[PDB]
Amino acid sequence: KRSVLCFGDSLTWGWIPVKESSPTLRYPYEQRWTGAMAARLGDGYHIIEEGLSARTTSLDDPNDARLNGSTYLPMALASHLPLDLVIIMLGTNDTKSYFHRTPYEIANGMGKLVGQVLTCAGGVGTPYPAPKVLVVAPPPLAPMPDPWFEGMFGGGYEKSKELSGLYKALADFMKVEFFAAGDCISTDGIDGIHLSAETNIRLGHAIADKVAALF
């Protein structure tokens, strides 16, 4: 059996876009991209979900101590070995206005996460090798009707558009795999940030085909 760890933010947790913006409920597994990917990959794969709303690549959020992805990823890797592949879809939250990050710095944060996977061989007391890495660039942001979300992501749209190219450059440099979500889907939720079930399913099917071919 092959084990695949899916590390992400609200797009991976499965945030349902809603007209009142927040709070919201979670998509059932079969309507998450992770579940749709698992269905297409089949029973030879075991999918592990680690999606956290508002998670960044490598930034401490001023209002929530839980959100730095790089703080949690080493622990998660060691908890889930043996792993064949880690899929990482993050970066959208790094584009928020109050973080003042350049696109390159966001990609460099993704690079920190890739390095944490590449150096994780052995975990705590095992002979297991490092898994492969699939870097996923999230789809670009869209216009947002809610003024709080619009303020939250001020300046972020242009940054989100640059991530695909920079993540491709990063993945080539670090000799790992790459997939641009925006080549297959768009951000289609009413809030301009999150995704519909149908788009989650299309995304998971497409990632499944990438996974099946990358080993």
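A residue's number is simply how far along the shown sequence it sits, counting from 1.
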| query | finding |
| --- | --- |
| Mean Cα B-factor comparison, 140 to 148 or 123 to 131, giving the higher one as deposited | 123 to 131 |
| Stretch with the higher entry mean CA B-factor, where the candidates are 189 to 197 and 17 to 25 | 17 to 25 |
| Out of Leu59, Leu52, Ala169, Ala39, highest CA B-factor residue | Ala39 |
| For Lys175, the third of its chain into which the C-alpha B factor falls | middle |
| Modelled-residue ranking by C-alpha temperature factor, third containing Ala208 | middle |
| Chain-relative CA temperature factor third for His100 | middle |
| B-factor third for the C-alpha atom of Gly165 within its chain | lowest |
| CA B-factor ranking of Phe153, expressed as a third of its chain | lowest |
